[PDB]
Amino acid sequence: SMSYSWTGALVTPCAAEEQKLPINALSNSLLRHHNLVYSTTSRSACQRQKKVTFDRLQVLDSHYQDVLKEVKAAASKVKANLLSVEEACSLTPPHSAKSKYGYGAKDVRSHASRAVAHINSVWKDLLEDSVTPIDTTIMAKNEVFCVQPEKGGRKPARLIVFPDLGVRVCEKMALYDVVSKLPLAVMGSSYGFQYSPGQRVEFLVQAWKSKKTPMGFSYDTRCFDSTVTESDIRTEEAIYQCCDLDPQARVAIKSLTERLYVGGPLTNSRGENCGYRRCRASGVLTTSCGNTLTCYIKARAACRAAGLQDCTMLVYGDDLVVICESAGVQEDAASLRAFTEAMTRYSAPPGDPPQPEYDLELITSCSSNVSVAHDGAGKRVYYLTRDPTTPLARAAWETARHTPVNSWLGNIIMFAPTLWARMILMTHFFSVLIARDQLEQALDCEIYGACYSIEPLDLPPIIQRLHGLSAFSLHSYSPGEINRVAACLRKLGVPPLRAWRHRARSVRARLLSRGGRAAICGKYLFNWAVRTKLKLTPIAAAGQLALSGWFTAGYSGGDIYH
């Protein structure tokens, strides 16, 4: 069937959409080529709609059915609980999309009468009705990028599809405990979300080293969400039901599957009927878990069909990397073509064909790659990096304009060991926070798709836990990484690293003078900026911080707050 059917009605904005990076003195200090920086808007929705709309042809085979049996067996070891209304309410982020039925996220979080009343009725309806499709809103995501003229100009807006706030809370009640436990249980070491950046790096390096002659590749499925069929989504339901569940949970899960997850009508912001969906909804609780599971099942089956030897997989939503034992250059190339053929048959063809890589650093996944630097003693230290263009573009935007839930803070935490994150982003954002007298204010940040409340002053302990003490002492970065950063700075009109160093010395001084946690920020985060280096010992606060929930599971588009 067709992934979508359209009425011809437009995807419409809620509010004013800014296309270009606003001019602001503080943002300009980071990035001056503002004309290169743009935000996606509803104006490009039609372009996206065209790309994501196609007929799915799915043919399953014995390898697929074999893996699915394995998955169901693994799922059967899981015991999952219903969450209460109150519990589910508290997992709702403050800026979550308000209900059409007279309440919003603040009302949900405060357990307000009108909110809870509607939620209770939605739950009841789920238990009583297992067939009537549930309405969804379609919106155009507003995301910031840098223009790449050679690569076809401007990216079209991604489409987000989500049900009403009331339904979203009910999803949590039925499935939050399932999506939290199931992927790890089924996928084990292949489950990407379980790892901190430091752990992820270690996993990849050990996997690579475990092979006599390693070969690796990333597999990029074209429009993954659209490739997910009705049968795929119903299979996900079957897997969920393999758990030991509450009787009411079982009913609600089936209802949510048939009325929401498998498909439904699409309504724009003006209440107009846009069309009908027969594929994955981006904005539901099970999007992350579902995508990861389905990708895993298909990939694991495809590895067998392709005759890949001693496979180690890593899966994060629709992002997939396979590391295996090489059979020779031409043998590997053919096996990879076979892998693609199998994945295609499973309804997941690639955007660009995958290529075998024989160097770990050459593999790009989740926009990221492994690189090497050196610690204080001169020991080789591996870390995850990425092209800084998009992070810098977004950093500039989020400086110029207040965004309720930022991306810059998460970005800094996750890419803390990187040259660009340390010298540019840390320096810039601490300078901005100081200038605006916001150093002590907690911020709402997006991490692995989930909303977190983070205090900037807690950066050092957080970084220590996620990356190790070495993150504060890395030097002698690779020529390739240095060159990539350099190219980005020239492109975006960002001051050179030596200028940032100077600024960092000032910021460091200001932070040290304030004392306490601020002083620790100055000491640890900016030790690179001084010749006379301070002795970086383990941070006492780091041990105390409760960070376990961080890398328990993936909640992207899942409307989750921690």
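Sequential numbering from 1, following the sequence displayed.
- Relative to one another, 256-264 and 102-110 have unequal mean CA B-factors, and 102-110 is the one with the higher figure.
- Set 236-244 against 83-91 and average the Cα temperature factors; 83-91 ends up higher.
- Within the listed group 226, 347, 453, 287, the record reports its top CA B-factor for 453.
- The top Cα temperature factor in the record, among 386, 402, 278, 491, falls on 402.
- In the deposited entry, the Cα temperature factor of residue 153 sits in the top third of values across the chain's modelled residues.
- Per-chain ranking of the deposited C-alpha B factor places residue 500 in the lowest third.
- Remark: residue 182 belongs to the middle third of its chain, ranked by C-alpha B-factor as recorded.
- Among the modelled residues of its chain, residue 393 has a C-alpha B-factor that falls in the lowest third according to the deposited record.
- Per the PDB record, residue ranking by Cα B-factor puts residue 556 in the highest third of the chain.
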